[PDB]
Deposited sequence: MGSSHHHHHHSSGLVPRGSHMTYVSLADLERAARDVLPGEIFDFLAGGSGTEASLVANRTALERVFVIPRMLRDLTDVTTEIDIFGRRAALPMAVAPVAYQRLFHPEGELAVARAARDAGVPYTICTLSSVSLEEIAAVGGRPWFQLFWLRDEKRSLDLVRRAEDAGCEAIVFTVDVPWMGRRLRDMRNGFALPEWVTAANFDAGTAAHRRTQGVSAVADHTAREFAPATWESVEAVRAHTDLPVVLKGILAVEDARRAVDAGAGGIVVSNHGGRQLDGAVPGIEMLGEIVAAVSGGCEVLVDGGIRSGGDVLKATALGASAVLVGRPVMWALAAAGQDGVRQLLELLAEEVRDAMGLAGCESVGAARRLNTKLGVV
């Protein structure tokens, strides 16, 4: 049995080759932002409410048209065949069965149409290409295959400095490819995407308050407050530390998701209490995939669902909206 997400990290470290575990675990530079994502969540304490009706605790949310079983989606993580032979199909099947949205990557190692054919709630994560037209073509491919939202990742004009990868001499195995086959994206790219599709466009990698405001003005349906899991700018603030200010600035004008460092249902509760609509979870999903394939991811999502229900009810929240109204206190 796994009783925490940390149990899955230990299992994945046992099974994966060291250089693949380091590609997964590592951040850029000194890994200051990778560590700070965890420090920031550990400093947040919740002030629970008592004596409220918990007859029907529900962890469901509605987001981008549709019901999700938890306030969580699987983050976009490139090249999932690095971690298990079934790669993205194993994760997308488990996400579908758990009622959790799965984000299909531009750099997926199985084609986006095959993963979308699994069913469930697929979103599609876009990187802008130097060849523009390939960008809007991926978007249209995703929409034609049934993806529900376009998650436009905006924090990768190029890959950050991954010193573990450099020191390991890491490269993709011959058997892992970009099965769908960086330019800096700008606000003009966002408008090109928004014009090309009626799906909600979600800008992922926003940390500045004024960029969140501009995203609403630009017609985004959501943002993901994120420093890319500490893998891009080393020293970028954690998303969790900007979330409350961004939620206030947005005034309900779009959905505000957060990612980076979510390692338990209690962390999901903290993100909700700071105002997030939902969270993304990246590395833990890959730990479960590495450890035990589709069944591993299933067990992870079952464990997270139980932890979120436990934390919500112990905090007096019968719904995710109630959890958003909880207050927090920073500790040491």
Could you list, start to end, the deposited-sequence stretches with no C-alpha atoms? 1-21, 203-225, 377
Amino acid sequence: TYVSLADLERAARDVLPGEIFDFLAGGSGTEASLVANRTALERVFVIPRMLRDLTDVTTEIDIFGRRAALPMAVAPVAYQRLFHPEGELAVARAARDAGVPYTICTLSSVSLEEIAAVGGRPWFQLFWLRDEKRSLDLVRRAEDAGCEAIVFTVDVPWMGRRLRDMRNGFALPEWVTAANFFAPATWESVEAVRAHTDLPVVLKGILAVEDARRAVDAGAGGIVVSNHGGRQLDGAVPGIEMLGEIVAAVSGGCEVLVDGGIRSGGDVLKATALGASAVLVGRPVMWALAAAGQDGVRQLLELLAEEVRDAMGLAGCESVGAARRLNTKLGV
From here on, numbers count along this sequence of modelled residues.
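Definition used throughout: the rigid core is the maximal C-alpha set that superposes within 1.5 Å between two forms.
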Judged by RMS Cα deviation after a rigid core fit in 7 other deposited structures of this protein, the more variable of 254-262 and 182-190 is 182-190
Farther-lying stretch by C-alpha RMS in 7 other deposited structures of this protein (rigid core fit) among 123-131, 219-227: 123-131
Of 317-325 and 6-14, which one has the bigger average CA B-factor? 6-14
Per the entry, higher mean C-alpha B factor between 274-282 and 47-55: 47-55
Residue of maximum C-alpha B factor among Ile240, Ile104, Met159, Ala117, per deposited coordinates: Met159
Going by the deposited entry, which of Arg93, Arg214, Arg231, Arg141 has the highest CA temperature factor? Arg141
Lowest, middle or highest third of the chain for the C-alpha temperature factor of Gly219? middle
Against its chain's modelled residues, does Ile20's Cα B factor rank lowest, middle or highest third? highest
Sorting the chain's modelled residues by C-alpha B-factor, tell me whether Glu60 ends up in the lowest, middle or highest third. middle
Quick check on the deposited entry: does the C-alpha B-factor of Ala292 sit in the lowest, middle or highest third of its chain? highest
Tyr79: CA B-factor among chain residues, third -> middle
